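**Student:** Experimental coordinates for this protein are included below, preceded by the sequence.
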Amino acid sequence: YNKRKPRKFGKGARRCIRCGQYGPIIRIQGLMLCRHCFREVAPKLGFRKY
Amino acid sequence: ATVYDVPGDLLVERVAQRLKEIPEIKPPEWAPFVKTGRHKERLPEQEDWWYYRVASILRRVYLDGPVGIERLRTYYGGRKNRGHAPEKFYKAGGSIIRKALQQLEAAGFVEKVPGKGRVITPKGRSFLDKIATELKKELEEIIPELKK
Amino acid sequence: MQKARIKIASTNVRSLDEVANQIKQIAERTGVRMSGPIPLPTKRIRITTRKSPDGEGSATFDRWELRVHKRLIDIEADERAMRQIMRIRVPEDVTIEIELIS
Amino acid sequence: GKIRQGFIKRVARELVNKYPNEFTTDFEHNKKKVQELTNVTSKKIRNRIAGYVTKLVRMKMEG
Amino acid sequence: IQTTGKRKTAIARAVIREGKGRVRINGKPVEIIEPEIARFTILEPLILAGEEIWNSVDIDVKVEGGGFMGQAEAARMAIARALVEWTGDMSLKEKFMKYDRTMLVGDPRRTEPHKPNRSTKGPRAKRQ
Amino acid sequence: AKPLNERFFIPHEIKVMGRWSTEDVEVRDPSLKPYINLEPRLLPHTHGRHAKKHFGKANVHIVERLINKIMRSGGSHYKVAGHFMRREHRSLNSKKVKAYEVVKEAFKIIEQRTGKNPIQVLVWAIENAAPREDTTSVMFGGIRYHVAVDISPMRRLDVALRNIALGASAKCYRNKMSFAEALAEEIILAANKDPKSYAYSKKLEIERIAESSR
Amino acid sequence: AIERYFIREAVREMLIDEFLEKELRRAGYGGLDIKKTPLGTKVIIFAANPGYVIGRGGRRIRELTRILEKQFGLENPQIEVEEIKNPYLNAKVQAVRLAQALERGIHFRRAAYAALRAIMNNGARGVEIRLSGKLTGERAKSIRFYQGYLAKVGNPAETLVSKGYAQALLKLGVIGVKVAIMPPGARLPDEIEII
RNA sequence: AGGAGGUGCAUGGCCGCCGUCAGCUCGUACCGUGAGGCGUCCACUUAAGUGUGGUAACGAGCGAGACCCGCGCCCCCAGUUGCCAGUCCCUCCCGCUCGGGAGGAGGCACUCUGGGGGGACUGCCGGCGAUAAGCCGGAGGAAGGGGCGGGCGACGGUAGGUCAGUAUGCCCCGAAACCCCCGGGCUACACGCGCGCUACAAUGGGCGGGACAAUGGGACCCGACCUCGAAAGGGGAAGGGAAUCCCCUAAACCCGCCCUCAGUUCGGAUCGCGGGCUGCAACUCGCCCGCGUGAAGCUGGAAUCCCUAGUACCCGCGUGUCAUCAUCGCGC
């Protein structure tokens, strides 16, 4: 009875992979990552500024 | 000559008055009680509105070839009010042009290519371009330069 | 009459370039016809995110870009030719997908 | 601003002082010479260097 | 003889040949194009050319991209190139650059990208 | 549609709009002769780099400038007699075909009321609407004071055209009378130094004030 | 959906990196590479000392061989340990080194200058070190030591200089260390030679 | 263990601004007892601590620029992107049989696309500037005076904000301040107030037709296309995991016509009925379809913002959050 309800939709459905936040989770082809997280890891993705 | 050589604004009226003769096309009972589109707020002013619509629909079959229900719905769709929020583009109703398509097909002017829409018969082609040549032979007199 | 379509995806243009050099220098050594390398429109992926971690402050955003280059090479069906393509050393960044069409 | 950058101004002195005979008032002639005589990989700075060595030659014979 | 002309995003491919004098945009006559203001600019260049060359060749141009007015600009642009190529006459080229320099030059203007802080309203449109 | 293609083909011999070739028109005032463009053009819409040059407005055609002034009349600081002149409904901006049509009809209206070239009526209206004096603040030691000032001819053209457009737009506002009629009537009143042309009146006002601030 | 594969492999690539940084912090976790073969996934770990990564008799790596195959779901991973050619050229490794030194309670100025001299003696061209946080009091401080040449902005700074950030724990809280290293080989665009 | 429990004047990074600012510094020498000063000052120029000429200083570093990305012209290569380019060959429709138009073959013309290179360098001429730096003018050229638009934004401060994302010292609880669930709330309301949309209509409202995008995005997906319902939508389903299938049409504009200036033939708020859609469920707390309904407002004082060329205004579309939901944010 202490298990969280599986949520297919709503904000509780998704979850940032790295830091574990429920806030803005960006899903450009499914990253499942927080907005604050993406900044520290984008150059490691190979992303680049232009 | 062809439809491409004449303005569409006059050609649609000519086609409408010509198709008014053939009884294959007829506005159903619900026709005078439905406005011409979801994007439209007010009913059509004239009562000939039905026969222009077919006169429009067949015209696109001469131009866009096999086109189905939804793309035609898109073409007739237009700009509509949304309260305080700004205007938005919406799609025309389905059955209004669907029954028109059935009437045109039953008249033999057009035929169906499944999975692609409906194309125009050589009979329909000859009818439309005969109307167009009539209009162009007319227009060459008031406007000589179209003779070129 | 049978041909092989090969599509090479690479984030690195140069890693693509030497692999294309390998497959093209295969062609004249093998004496088999080769249609020139077709460069597809490079696919750009754009992602924008506000710089501020909290809500305070002005609005400043960072726009990250991924450019993945796609190239096509179409070659004949020569068993000796296609036997030497799986022996090609390919970098980890590059990927190769081959279909055999008629 | 159109002030010529400092290290271009510096580097142009040596090409003059070492091969004064190899350059003329023609921009295109000097362009190839400065292309080879350095290891410049930027065509823009190559054009800049060519322009300033051209100016230096142009003021040479004046005194 | 072929000719190309770009404008905004409108691109026009024109083919000209010995013919009656008919001019067709996208297969439609030059004289019955509904925008009248666009028709005027479409018909501007050949007026200076003279009716002799107007009636000595037939021209067909296909345009795509941009708006109707961009399309008209591209059509006229390609028209001048094609016709001066056919004639190869300097005097008409002088007439064109006297009337308008873009006849054989083109307008390289292009849209600036919109920037944040009310991106919709434009690159240089900000809040209060 | 016969008038449409008619007006399309009649200016085939290089004419402004559809009619009224400009050889007849004459610039009486010596100042604006080297600054008003009267070159022969079919369509007066260059889209050119007139903005991107110091005096790119010399080469813009006069009717093109008139259309441009008509382009931008609604909503700003000015409140003529307490009126937020604003074009909420289908504003002329970004719609040059509408202004083109409106000025076409205004040219016809001017022509048939005057029985002569509307373009020469426009020239006379602008010549008679052009101010001759203004004022400016000049200081020395911080004490401002107004000083009478002469105006460069191009600025006179600019203000005259904008004032004519202002009067037309204000007249049509909120009223049954349509915009082209307002514009043609404003032009007509200005051509003859009638004081009810908003353009001519405001010209008289600015020529005053500076009259006493010499 | 090829783009759904590229970033998938990418984001998998750094999750293991951070996991190892959590794990191999003491051994000088230097860098990681991964290559794919039909046999499986060959992972290449550059470390400041593979001896501790080995642990005892390879047991440590054996544990790492398990969770990698399970937590990240990589098909038949084989682990190959290598030594970094010059850790004094690796900003991350030197940053971890200095953070560890401070974590032993060594005086910050002393460790900073010793590490800076060590790296410069290793043939680097320019070093920057910044230390932030509580260093000598209750209020935080920031201190910089720089030597040699170091571009800081523009494209070359993004590509030629190695960067490394480290967090060091103490009784009083955390201290941040930024390290930037310019290897000798790189050349600035501004550098023009004469023949 | 855990706490979105406190402590941002306990921290780390991270962000805003100062500020894309022209600035900040050091090695040695010199001056002063000394805090310190010189360099880094003075005339001209720079977008600039950019350079030019003079100097008790000579050099160097960081910053600027150089650097990198997109656009604009050309050369080469590249073809399942494009084409009665030309195209014999075949088919069809019109016609005055001349000719006009559409489909297959067809080859690379040309478009498009992505790899390399050139082109624009004060390059040349005239003047200004001391003859220097540099500035102005002129030609030619697609493009000139940093070509244009962007990315990269130091030394330090703001105990600015962020510990309510991550890591995090101190302190509090630790069957509570931990975890799970239900229900409500996070909207509620006389208002002051920042930023947006609409209205205040001739420009309009209504009926048909005509010409026009690209950003992107698409697999519990985009979905053509077929069928039905006026519609919301419902049943099937081609193609497509992507130059190949779909979102897809543009709108703004004009053409032929009706209403003709009024709080109304404007405006739709508010209110009822029925029907449709997502989610287990949408009174609190979603959207849509048709009918009836019609609110204020007819230009708005003080005050005050923004913009300088594809720029401002007008018009629409894609995209994040998302099952629906934007007058939301970013882009075309």
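**Tutor:** Sure, I can see it. Numbering: from 1, shown residues only, chains lettered A, B, ... in the order given.
**Student:** Starting from residue F:27, give me the distance back to the most centrally placed residue in chain D.
**Tutor:** Residue closest to the average C-alpha location in chain D (C-alpha atoms, centre = their mean): residue D:53, at 2.5 Å. Distance of residue D:53 to residue F:27, given as C-beta to C-beta, to the nearest Å: 54 Å. In short, each C-beta sits where N, CA and C put it, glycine included.
**Student:** Same question for residue D:14.
**Tutor:** 63 Å.
**Student:** okay, these two: which has more neighbours?
**Tutor:** Just comparing residue D:14 and residue F:27: by other C-beta atoms under 10 Å in any protein chain shown the higher neighbour count belongs to residue F:27, 17 against 11.
**Student:** Assign a three-state SS to that one, would you?
**Tutor:** Three-state call for residue F:27 (DSSP: H, G, I helix; E, B strand; the rest coil): coil.
**Student:** is it true that it touches residue F:34?
**Tutor:** No: between residue F:27 and residue F:34 there is no contact under C-beta atoms under 8 Å: 9.2 Å.
**Student:** Let me know the next secondary structure element after the lengthiest helix in chain G.
**Tutor:** Counting residues, the longest helix in chain G under DSSP state H turns out to be helix G:3-23. Note on helix G:3-23: by DSSP states H and E, the next helix or strand toward the C-terminus is strand G:29-37.
**Student:** how about that following strand: buried residues?
**Tutor:** Buried residues in strand G:29-37, counted by 16 or more other C-beta atoms under 10 Å in any protein chain shown: G:29-30, G:32, G:34.
**Student:** same deal with stretch E:90-109?
**Tutor:** Per 16+ other C-beta under 10 Å, stretch E:90-109 contains these buried residues: E:92, E:95-96, E:99-100, E:102-103, E:106-107.
**Student:** same deal with stretch D:7-17?
**Tutor:** Quick answer for stretch D:7-17 (16+ other C-beta under 10 Å): D:8, D:11-12, D:15.
**Student:** and if you look at stretch F:183-198?
**Tutor:** Buried-residue list, stretch F:183-198, by 16+ other C-beta under 10 Å: F:183-191, F:197-198.
**Student:** Next step: those residues restricted to helices.
**Tutor:** Of these, the ones assigned to helices by DSSP H are F:183-191, F:198.
**Student:** Quick one: distance of the longest helix belonging to chain B to the chain centre.
**Tutor:** Determined from DSSP H, the single longest helix within chain B is helix B:122-142. Relative to its chain's centre, helix B:122-142 lies at 16 Å (C-alpha atoms, centre = their mean, to the nearest Å).
**Student:** Please name every helix or strand in contact with that helix.
**Tutor:** helix B:8-19, helix B:49-64 (3 or more C-beta pairs under 8 Å, 6 or more residues apart in numbering or on different chains; DSSP states H and E).
**Student:** correct me, but residue F:162 touches residue F:68?
**Tutor:** No: between residue F:162 and residue F:68 there is no contact under C-beta under 8 Å: 9.8 Å.
**Student:** Filter the buried residues of stretch E:90-109 down to just the ones in helices.
**Tutor:** Going by DSSP H, the helices hold E:92, E:95-96, E:99 from these.
**Student:** tally of neighbours for residue 43?
**Tutor:** Picked chain A for this. Close neighbours of residue A:43, defined as other C-beta under 10 Å, add up to 13.
**Student:** The intended chain is chain F.
**Tutor:** Residue F:43: 22 neighbours (other C-beta under 10 Å).
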